[PDB]
Amino acid sequence: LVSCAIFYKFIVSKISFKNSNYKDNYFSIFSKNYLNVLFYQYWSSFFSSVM
Amino acid sequence: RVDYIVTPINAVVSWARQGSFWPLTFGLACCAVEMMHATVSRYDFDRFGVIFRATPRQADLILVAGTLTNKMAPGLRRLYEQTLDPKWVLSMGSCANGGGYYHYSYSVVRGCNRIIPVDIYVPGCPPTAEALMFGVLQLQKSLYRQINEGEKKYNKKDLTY
Amino acid sequence: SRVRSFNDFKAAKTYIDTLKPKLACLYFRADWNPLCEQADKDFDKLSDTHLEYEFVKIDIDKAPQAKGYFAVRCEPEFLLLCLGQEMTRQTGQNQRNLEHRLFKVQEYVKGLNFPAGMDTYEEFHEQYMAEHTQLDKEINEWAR
Amino acid sequence: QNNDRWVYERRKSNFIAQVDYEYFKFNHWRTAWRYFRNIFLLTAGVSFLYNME
Amino acid sequence: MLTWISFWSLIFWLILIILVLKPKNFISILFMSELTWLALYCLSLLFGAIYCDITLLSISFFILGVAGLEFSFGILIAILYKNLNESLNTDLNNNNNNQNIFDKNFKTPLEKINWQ
Amino acid sequence: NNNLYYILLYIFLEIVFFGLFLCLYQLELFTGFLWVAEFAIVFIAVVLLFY
Amino acid sequence: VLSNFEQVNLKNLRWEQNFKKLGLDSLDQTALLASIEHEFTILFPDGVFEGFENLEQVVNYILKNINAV
Amino acid sequence: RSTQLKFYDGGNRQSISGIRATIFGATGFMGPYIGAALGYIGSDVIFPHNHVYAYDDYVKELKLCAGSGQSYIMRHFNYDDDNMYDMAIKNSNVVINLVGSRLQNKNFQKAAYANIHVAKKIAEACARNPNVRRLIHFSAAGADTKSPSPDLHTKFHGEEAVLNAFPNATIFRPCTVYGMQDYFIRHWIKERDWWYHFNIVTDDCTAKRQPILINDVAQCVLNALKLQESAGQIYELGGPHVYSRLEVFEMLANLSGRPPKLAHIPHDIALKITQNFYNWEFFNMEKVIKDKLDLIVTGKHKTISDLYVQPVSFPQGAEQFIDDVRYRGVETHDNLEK
Amino acid sequence: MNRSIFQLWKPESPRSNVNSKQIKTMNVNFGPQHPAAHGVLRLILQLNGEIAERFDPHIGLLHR
Amino acid sequence: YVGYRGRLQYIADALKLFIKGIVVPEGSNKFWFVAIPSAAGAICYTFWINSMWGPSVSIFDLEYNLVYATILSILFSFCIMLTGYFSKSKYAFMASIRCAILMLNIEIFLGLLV
Amino acid sequence: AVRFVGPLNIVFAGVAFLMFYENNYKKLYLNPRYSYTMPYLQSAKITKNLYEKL
Amino acid sequence: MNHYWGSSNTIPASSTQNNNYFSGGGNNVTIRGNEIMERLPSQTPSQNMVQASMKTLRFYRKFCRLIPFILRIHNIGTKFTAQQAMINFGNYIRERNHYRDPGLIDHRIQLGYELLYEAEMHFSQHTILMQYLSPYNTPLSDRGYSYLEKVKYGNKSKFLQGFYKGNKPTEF
Ligand SMILES: CCCCCCCCCCCCCCCCCC(=O)OC[C@H](COP(=O)([O-])OCC(O)COP(=O)([O-])OC[C@@H](COC(=O)CCCCCCCCCCCCCCCCC)OC(=O)CCCCCCCCCCCCCCCCC)OC(=O)CCCCCCCCCCCCCCCCC
Ligand SMILES: CCCCCCCCCCCCCCCCCC(=O)OC[C@H](COP(=O)([O-])OCC[N+](C)(C)C)OC(=O)CCCCCCCCCCCCCCCCC
Ligand SMILES: CCCCCCCCCCCCCCCCCC(=O)OC[C@H](COP(=O)([O-])OCC[N+](C)(C)C)OC(=O)CCCCCCCCCCCCCCCCC
Ligand SMILES: CCCCCCCCCCCCCCCCCC(=O)OC[C@H](COP(=O)([O-])OCC[N+](C)(C)C)OC(=O)CCCCCCCCCCCCCCCCC
Ligand SMILES: CCCCCCCCCCCCCCCCCC(=O)OC[C@H](COP(=O)(O)OCCN)OC(=O)CCCCCCCCCCCCCCCCC
Ligand SMILES: NC(=O)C1=CN([C@@H]2O[C@H](COP(=O)(O)OP(=O)(O)OC[C@H]3O[C@@H](n4cnc5c(N)ncnc54)[C@H](OP(=O)(O)O)[C@@H]3O)[C@@H](O)[C@H]2O)C=CC1
Ligand code: SF4
């Protein structure tokens, strides 16, 4: 249950900020941090739970 | 000889395919309405066991009911070729038969028989609902008789060879 | 080494398979490209110099099947085979580049250390057919 | 195009057709049968014969 | 040939080995994780029957629920892959050379390195 | 096998064989519950593969 | 690629002469450049495509290009 | 008599070609093509047939050869009545015969009947009718009295009888004709699809083949009609190059992308089985017998060059007919669009 | 009831992957031989989730 | 009129469906195109085992009749989805997706009823 | 004597036949036979007692 | 760009990516785009024959870039090679090269783009659309040609050839 709650906390992390960078308005910038966090947390939880 | 079994089975097959004769749900022009009129209660098609199917794969009859345009002729050819065999074609209306009112046009094909083999023709413009019913019933009778039209010859023992 | 010229695909393939060279240089030519005239001379000149390569010459016009079998796209074509396995391929006539490719292939083969009993010669199509059975056959069996 | 670069430069060799005279012999299945009967005999047949005796 | 206890004890870790072995495609790993949960389900039922343990028998539905929740999370992450611009085949998300892949090849998004 | 559809098919067959073992061991109720619970998962997996 | 265009003689081919000297009008030039693009699996920007005047320039551009297959 | 034929070939279906033609045996693979060759220039075409089942597309599509008022179908034809032939060719100045023993028939008596009796009666009817300017009988390449194949054995006698009855008859001897509805490419595709693992051969596959396109055959027929001097001579029609059966298999495999696999059945056992069991299109003794025999163009008679038709090479001609049946291996994402 | 505008519309931004067609849309030939179509309408429909997006009607199949 | 007063209409249609020829699209997968309907027919003709005609008048002594019904329905939905997918018609594929949505709704609805 | 099948195949056939015959023999003659296990070999009479040999 | 030819109308290379994890790209020049063409705005008016000629060259360039895809989808590669089709369409344009009206040229370019889009999207049939790609005086590559007429009328004027051929049915 606590692991599900922590996964909820990681899911609700803020992604996009209103910063002072005005150079990427019309270009695609790829950031994988969100997926990496979710992927590793999910699979670590799976391995620990099964074991 | 196989004829002993083939001939009665031929009769059964012809009867079954006559009883279940599903045309394709395909209408192009005013002749469509006449087809609908035959389908509806006043001249029920279902009495003679004809039920329309949307996909050509599940159709036995191709009702070319309406004018055929050059912009559509390849589509009609593709539909006819994609319809599963065995199949028959019934042209309905003057436009489907020989170009009808638009025989002198620059867009209309002068007859669906130029693109498709037409098994039967139903004259009219539009053909009456009873006219379409008559054409369908005549096509069914011809279809039933097509299996054995006395092609094979009888030998001295009256068995076809 | 001297260039062995073939006009029949069956004869050329049989000779190569029987010889089982460790290092082979196949030169495919057709009469449509004018540069084959100089390519033949370059190939002959390099054949004498390089004793470690079996130099084979094939005329695509006389052996149409050779083009398809060896996957020749443009000509003149030079193909380097190590134990009958494609190492490098050159398109066009350039003696310096051809000799450089021969030098690179031979030095790499010298550096290689194959396991004992597992370095026998293989026909050109064996690797392509293995990869085909591994990937393309399954793809076809899934789709169409 | 760089995604499909490998397919573009892949060298494909045309097939050579030969007649297969031993296709219907099913040599791989014959080998499987030989292995199966050898193992079956050595273990099950010996054990059964001794136990039956 | 094998007793059920040894068979299930072994195949659980065999399933884990398969999960690790297969190429890392998120959907495939999710299916393997589901299979692992079901192997645990079967093993727990076997031990519950052997030892007359209602707790072991009842672990079945707990495993089913945890597996369902994890599968829901996996579906969501697999869908999120699209918005994050990540290939489901994780091995294609990095430039490290891999001999296990026939056609892995990445170039810088340029047309000419030298202009003069 | 690397094809996702065949992987899912083999997972489904593995579920069937697990149910068969449970039936042989006489846990029929758990076999039925497992099958009903997991066939829906396989169905959703097929939809996900279509997507 | 040029072998398809039978107006030009590949034997005595000067890589510095213009397409017009080779015997190719604008349409023949456009067709030839498109064929070369197909052969090398590349795409010439509009400026360079219209700026090409002979085969030597095309050869140099393709040599500089790294995406050519 | 006069063999001259004045016709105009510059018109479309609605023109008046000037040819009135009766085409016996047009329900086969080549019948619709030959009929359409004459019909598309405005010629009148008659198709006498006694075919089962009547509703078959083979019979139905013959009406598309010429059009309305130009193509006629004569059903329930009797092949042993001279009056029937007289009626069929009464108004025809061209008489084409394609009535040959089918690949499905192994009975020597039936094969001889089809290949001799019908041909001789057609030739006799042409002789009786003085308005029949041209007769074009279709024989088979490799026809010989010593030929093991009953089809070829009877076809040699059939062509001899046709020449005897109508000395101005033109005899064609096509090689293995291929096309969309052929018995060669379609049979290859269907056999490989039904087995999925091999094509069953019954010989060493060294027999020579010289395939010719059906369009080329139709063009040859038109050129023969145009050329008056072609009357009374035998022609052998084939492709530019000669291939063995193994080479044909290799070419088809390379073109379609399907890996080749030939599974060998002993010739003797195959012959016994096919001659002692029921035979249909895909299982017949004629195919087994003709596998070993060579069906190529010999220099003993006139060739296609005499008719002035340049046949297309087999690799080029047969490529379009195998587009749908193509091996689906590794392909580019652009190619995935289809 | 809360807002759902963002779940209901998806605009396209210049050279943006997220604000773009991230899917291969279904280009269906609605008609002419379709029970719903009257018979001579060839509507090229761009479906995305079975929701119409783009219409390209061809109506010349009955021009006479 | 198919049989006196239409007494043999169903027999006629069944025989006609048998008679009608079939062709598999070249682009479609030959194996699956035929395998899916075969499995669907097997499942449909297995349906009747889960039926009772009296206090204990059943072909088999099954207890989990509702579980059997749910499993068989899920299998038939699987077959319909696979049919739509392997027949590459876009309309068929959309029909398969609709079948998936119907199955999703049926799960909860029938589960709550049970 | 001459045999198309190999000696090992003959041995396999013999041992398999012995297994089959011995299994059936022990199941048919060394069993209480109070339960109807082999149809057409055990009687199908109606038993009025708990133990009646079939 | 909100147009059928826009750089964002490419077909994605993957369900979750466009051709890469570090870049975004797609092919829309040699194949049809992802979204259908809902509107094709009229070519901006050309005030000069220079602009008209530029439009013609750009349209021909697009046609040449698309011809291999058209041939592959329509299964007409055997009839003619890609370069043969390009040269045949070049002859088609050459027959019209005498135009000197910018408005007429713009209208013609619009029609050409429309027909090219139809060929891409399979709106037309291969037999109906190959009339533009067919050789003017060369045999089709998938058929055996007849040189009987050339043999009979070798080294004879076109007038004499036509005189012998005729221009009217002789039956009536
Ligand atoms: C129950 C009582 C209790 C006791 C037990 C009793 C026995 C129980 C048996 C249970 C299993 C029954 C299975 C069969 C069910 C019914 C169907 C059937 O019979 O097959 C017809 C059926 C027709 O094919 P189809 O797919 O329906 O056709 C689709 C379209 O028509 C095709 O459309 P297309 O457009 O693609 O057309 C292409 C062309 C075909 O495509 C081509 O153009 C290329 C091929 C042309 C030549 C074909 C020659 C025949 C090839 C036979 C292949 C057999 C398969 C195995 C081959 C192995 C090779 C290593 O079309 C055709 O010609 C169709 C095929 C015609 C086949 C004619 C002969 C069929 C009957 C005889 C078969 C004998 C096979 C023996 C195998 C060995 C057995 C040990 O399928 C087959 O032909 C294969 C049948 C294989 C099993 C035969 C089982 C009976 C004989 C067993 C041996 C004797 C008994 C041993 C046990 C004794 C115990 C006491
Ligand atoms: C598909 C329907 C049936 C499925 C279920 C069947 C029952 C359950 C499974 C039982 C196992 C059956 C496996 C057969 C596989 C045969 C594969 C094959 O042909 O390989 C040939 C292969 C290849 O044949 P090859 O080598 O001649 O040809 C290939 C040649 N090269 C290598 C050059 C390419 O032979 C081998 O090398 C490996 C043979 C392994 C044989 C294993 C037999 C079974 C072993 C266990 C026996 C246990 C007996 C216990 C008895 C107890 C008392 C009763
Ligand atoms: C419910 C009804 C089921 C009916 C199934 C019938 C099975 C086939 C019965 C064959 C009977 C043969 C009787 C003796 C023949 C004597 C002639 C002879 O020469 O024998 C060798 C015959 C003759 O073939 P042949 O090619 O060797 O020689 C031709 C004959 N001569 C030489 C005289 C010209 O061949 C055979 O092997 C037997 C006949 C095979 C027939 C195959 C087609 C059967 C068609 C069945 C149609 C009904 C389908 C029913 C199901 C419909 C479902 C919708
Ligand atoms: C009381 C129970 C009543 C219900 C029983 C229902 C059983 C009906 C069985 C009908 C006959 C089916 C064929 C069995 C004979 C063997 C067939 C065979 O050759 O197998 C080879 C194939 C597999 O091998 P293959 O030859 O296709 O390819 C091998 C894999 N490659 C090529 C990549 C190396 O078996 C099948 O796939 C048959 C499937 C038949 C349809 C079954 C549908 C079941 C419902 C859906 C299950 C979940 C699917 C999820 C994934 C999406 C789909 C992929
Ligand atoms: C007189 C009264 C009765 C007496 C008892 C009779 C018992 C029945 C007969 C038993 C013997 C059967 C024949 C056994 C032959 C074994 C041959 C062998 O092992 O050679 C390897 C064999 C050949 O390889 P292959 O692929 O076929 O190619 C041919 C190459 N020449 O390769 C193979 O084919 C596979 C071989 C598999 C070997 C498995 C070994 C299992 C060993 C289990 C332990 C046995 C220990 C001994 C027990 C004795 C007890 C008394
Ligand atoms: N590969 C090829 O196609 C080759 C063909 N030929 C010759 O060209 C001819 C035409 O080619 P193709 O279409 O392939 O041949 P087919 O076998 O398809 O056609 C033969 C025609 O003759 C009819 N026929 C067969 N037997 C008889 C009979 N006893 N009595 C009356 N009519 C009969 C058939 O009608 P029905 O449908 O009623 O049986 C059919 O219309 C061949 O017959 C053959 O003689 C020569 C070399 C190669
Ligand atoms: S024949 Fe008459 S009623 Fe029928 S479609 Fe033509 S105009 Fe309409």
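A note on names: the letters A, B, ... follow the listed sequences, proteins ahead of strands, and every chain is numbered from 1. For ligands, and for the atoms within them, numbers begin at 1 and follow the listed sequence.
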Close approach, H/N107 and ligand 3, non-hydrogen under 4.0 angstrom: yes
If you scan the protein for heavy atoms around atom 25 (P) of ligand 3, do you find one that is closer than 4.0 Å? yes
Per-atom filter on ligand 3: closer than 4.0 angstrom to a heavy atom of B/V2 are 39 (C), 41 (C)
Any carboxylate oxygen within less than 4.0 angstrom of a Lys/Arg side-chain nitrogen, looking at H/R102 and H/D151? no
- Consider every N or O of D/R34 and every N or O of ligand 2, then say whether any pair is closer than 3.5 Å. no
Looking only at protein heavy atoms, what sits closest to atom 37 (O) of ligand 3 is H/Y278 CB, 3.7 Å
Q) Does a side-chain N-to-carboxylate-O contact under 4.0 Å join J/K20 and B/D60? A) yes
Worksheet item: Taking the six-membered ring where the residue is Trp, are the ring centres of H/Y55 and B/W88 under 6.0 Å apart?
Response: yes
Residue, atom and distance of the protein heavy atom nearest atom 52 (C) of ligand 3 read B/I9 CG2, 4.3 Å
Could you tell me whether B/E149 and B/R145 have a side-chain N and a carboxylate O separated by less than 4.0 Å? no
Report task. Could you tell me whether a side-chain N or O of C/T133 sits under 3.5 Å from a main-chain N or O of C/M129, the two making a donor and an acceptor? Result -> yes
of all protein heavy atoms, closest to atom 15 (C) of ligand 3 is B/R1 CA, 4.2 Å
### Query
Using the benzene-type ring in the case of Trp, are the ring centres of D/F15 and C/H125 under 6.0 Å apart?
no
Hits for side chain to side chain contact (heavy atoms under 4.5 Å, CB included) against B/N148, two or more places apart or cross-chain, chain-then-number order -> B/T7, B/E151
Protein-derived N, O or S atoms sitting under 2.8 Å away from atom 8 (Fe) of ligand 7 total 1
